[PDB]
């Protein structure tokens, strides 16, 4: 199979006599195919930075093993040539500490797998705006990816209402260093949506939020480049193309 880096892939497998799905010694969870009852699904993601050239998954069954080969593609992302090497930047220890703390808080949340659907049908757009900055915009130094845009940015003046893209449980609802005022929703199955640089947060941690329900007002908090909404999707343990994902997810979980 073929998958562009920084993208998610819903794998289809026979339900019957299935024991596990592995990638070397790291197990991948599975969930029901909502229409076809003889199948199950698994989300596989390739990171934008340093993906392997290829991947070999193994679906182990009671009576056999079933290999999946996935070729990694570069795709067609925008990329600007960097001039100054991404040298180890030297922040004040107060900022270093906050980033480290927030990294630890985030990793714990993003590997807190919930084995049921908290969502309700398809994802919707968190607002009815347009993309000002695509996902996957890379900054490159001697053909190596130094950094990239982990989500997609919508046009939003400060104070534009933002709504949850799907139903779920709120896991983060606060100001963070890089993200600014952040909302992060667990939709189940390792699927998390992200809403950053808000001017106002209208939800609490642990709160059940419905799709289409208001989560906050867009802002510019922690955003150097002016007011806008940053929308991100983490799934299969990786930041992925949010619109590519929504499209793939929605084709399965429509109604």
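Positions refer to the first chain, counted from 1. Take the two forms, find the largest set of C-alpha atoms that superpose within 1.5 Å, and that set is the rigid core.
Out of 158-166 and 139-147, which shows the greater rigid core-aligned C-alpha deviation in 8 other deposited structures of this protein?
Stretch with the larger root mean square C-alpha distance in 8 other deposited structures of this protein: 139-147.
Which stretch is more displaced from the shown form in 8 other deposited structures of this protein, 88-96 or 68-76, with RMS over structures and residues of Cα positions after a rigid core fit?
Higher average C-alpha offset in 8 other deposited structures of this protein goes to 88-96.
Which has the higher mean CA temperature factor in the PDB entry, 85-93 or 127-135?
That would be 85-93.
Comparing 45-53 with 189-197, which stretch shows the greater average C-alpha B-factor in the deposited entry?
Stretch with the higher mean C-alpha B-factor: 45-53.
Residue with highest C-alpha B-factor in the PDB entry, from 182, 167, 79, 152:
It is 79.
Can you work out whether the C-alpha temperature factor of residue 241 puts it in the lowest, middle or highest third of the chain?
It belongs to the lowest third of the chain when residues are ordered by C-alpha B-factor.
Per the entry's values, where does residue 119 land by CA temperature factor relative to the rest of its chain, in the lowest, middle or highest third?
According to the entry, residue 119 has a C-alpha B-factor in the chain's lowest third.
Should residue 255 be placed in the lowest, middle or highest third of its chain by the C-alpha B factor in the entry?
Within its chain, residue 255 is a highest-third residue by C-alpha B-factor, going by the deposited values.
Entry-reported Cα temperature factor of residue 225, expressed as the chain third it lands in:
For residue 225, whose C-alpha B-factor we compare with every modelled residue in the chain, the answer is the highest third.
Looking at the entry's B-factor column for C-alpha atoms only, identify whether residue 218 ranks in the lowest, middle or highest third of its chain.
Its C-alpha B-factor belongs to the middle third of this chain's values.
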